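Take a look at this one chain, the form deposited in one PDB entry, written out in structure tokens.
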């Protein structure tokens, strides 16, 4: 007997994996929560030791989704925290439609759908941005951003079925999942771990501007708390909401912290030196990674899975992307984190869980 029943679509992801932890805490709003977690891969080892009912399901395949999710009649809240690995508006849209079409007719006590998008809503796509600080009310850019498609489906389907909705636009996520397609902290920890292995310094590859500019981020657990808040507090219902840690930082200070955490020398940004691609620097390091994995008895991960060096490249030529938390705060959500501390905490947790070497 449970109070609430969550479907977490993307349970292996950087946010879904936090939700799987946060939803099972005793103090969590709306608890006690039962948790169904969906992902495409077979349940990895680390997740089998969690109290989540894992449903292995390719949610881009409609018949499969119907057969796997239509029996789930007790669901009360959906948390869509997934995307396919690309910016295809059509294929991302299919996943979300298949979730709703499979669950809405079958779960008579469904109440709410949380959709997670992101701050790209304000400045465009990875394939003429608004100025910042970004606020929720800013109109859509004239670009094929799959976030637009997902919102439209969200509004259409919740409205005709008398369900409430929320849209969450997190900033860059600080999290611990080694299964994510965009995990900045594990990406940078892997780079550091490789530098250390090869007796090299932690050399910063990015732009001058990304070194020196203000940046913001969100801890995965805070995103989970923010999503859980919008799912249970009537004041938050049917709102588009940004989600960040509530402060700002600079990569320059994070880089120092990173070097210290791995006990290696740092080479910061060098005046006049231009961005180099971390993707290229790490192009054929997969066997090095495989060695470090076996050597340290880590959870086995492939280099391309734990790390997204392409994504660090983007973070390191980005600037002026700060988002505002005023709306959420004026609605009464006062969750926050110290971003420097959240970063270190992600490092610790990935060591703790044995995704990366201790010490």
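Numbering follows the first chain given and starts at 1. Definition used throughout: the rigid core is the maximal C-alpha set that superposes within 1.5 Å between two forms.
Not pictured, yet referred to below: the form deposited in another entry.
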(Q) Quick check on the comparison between the shown form and the other one: with the core aligned, only one of 74, 152, 286, 247 should show a Cα shift of at least 2 Å. Which one is it? (A) 286
Q: Classify residue 300 as shifted (yes) or not shifted (no) between the shown form and the other one, where shifted means its C-alpha moves by 2 Å or more with the rigid core superposed.
A: yes
Q) Honestly, after the rigid core fit, is residue 170 moving at least 2 Å at Cα between the shown form and the other one? A) no
Q. So with the core overlaid, does the Cα of residue 181 end up 2 Å or more away between the shown form and the other one?
A. yes
